[PDB]
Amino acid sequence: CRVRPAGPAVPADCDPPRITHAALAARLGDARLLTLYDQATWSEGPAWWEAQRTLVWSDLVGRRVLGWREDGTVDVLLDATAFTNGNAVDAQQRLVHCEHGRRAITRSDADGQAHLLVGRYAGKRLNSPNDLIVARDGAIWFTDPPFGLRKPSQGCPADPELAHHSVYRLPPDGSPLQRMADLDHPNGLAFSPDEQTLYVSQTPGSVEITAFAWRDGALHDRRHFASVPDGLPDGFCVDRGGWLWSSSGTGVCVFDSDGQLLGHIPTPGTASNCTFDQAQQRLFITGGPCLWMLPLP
């Protein structure tokens, strides 16, 4: 099912970027936000799919996983989903998903069939996987806040079986799921370029982006990394240079590897997540019924 015909993007109705740092000013130039789709209900988890040169993201509430093609076309990749939220792409260019409904991590084939990868920790059902990433070694890392258990429009209500909201690492060899850290409503996550630092946001309690040291098979030196001026640092991404681009109530905030705020990119509505394409020349941002994109020069 094609939900948007091929066609050019239309400028988004919002104020141009507010840039402080000269380095970010050079990166964005006079780029202006564009609207790629605006017919969803609750856009989430954008992930660039190089193998298909498609931007994958889901409409959590509409229970679909959509795919934006470079010609502007938007197709339905997965329909009538079990409330899929976050999306990611593995080393084999396969799509992996966080599903609120099945409360698990799944992986789709070519037929568009999402197969279960894990739905329990130590024999107890996960809360409701929210966002995920795939490390270079193939392990899938993800957050498990209880959001999918407290809102009917986003899953099936239920009292949690687990007494913790954790960040987990699913080994690529089939070994047991690993509880890496307990947080307060962990949400988005992303590794630093060298994977020595893992960033995870918490959106209950302190609303922030937390940093962890990834070394010797565990997470260490937990500390506050950054806070966004408005709203929640929901989903976010880190570019090859080390900058963290995070969603927020008013748009996307950009921070350097030291946590310094460099600038803000307004969006017409609350932003839920964001990611870059392969070349990192296009910044995709999800939020409400929309998929926005900022073309960098």
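Numbering starts at 1 and runs along the sequence shown.
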Checklist line | Deposited residues lacking coordinates between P204 and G205 (none, 1 to 3, 4 to 9, 10 or more) | finding: 4 to 9
Check: So which stretch wins on mean C-alpha B-factor, 266-274 or 25-33?
Finding: 25-33
Check: Do the C-alpha atoms of 281-289 or of 16-24 have the higher average B factor in the entry?
Finding: 16-24
Notebook entry, point to check: Whose CA atom has the top B-factor in the entry, of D144, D184, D216, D75?
Noted result: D216
Next item on the list: Please work out which residue in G123, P129, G101, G138 has the highest C-alpha B-factor recorded for this crystal structure.
Entry: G123
Next item on the list: Sorting the chain's modelled residues by C-alpha B-factor, tell me whether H115 ends up in the lowest, middle or highest third.
Entry: highest
Margin query: Test of reading the entry: by CA B factor among the chain's modelled residues, which third contains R63?
Written below: lowest
Notebook entry, point to check: Within this chain, which third does the Cα B-factor at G188 fall in: lowest, middle or highest?
Noted result: lowest
Margin query: Could you place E208 in the lowest, middle or highest third of its chain by Cα temperature factor, using the values in the record?
Written below: middle
Check: Would the CA B-factor of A82 place it in the lowest, middle or highest third of its chain?
Finding: lowest
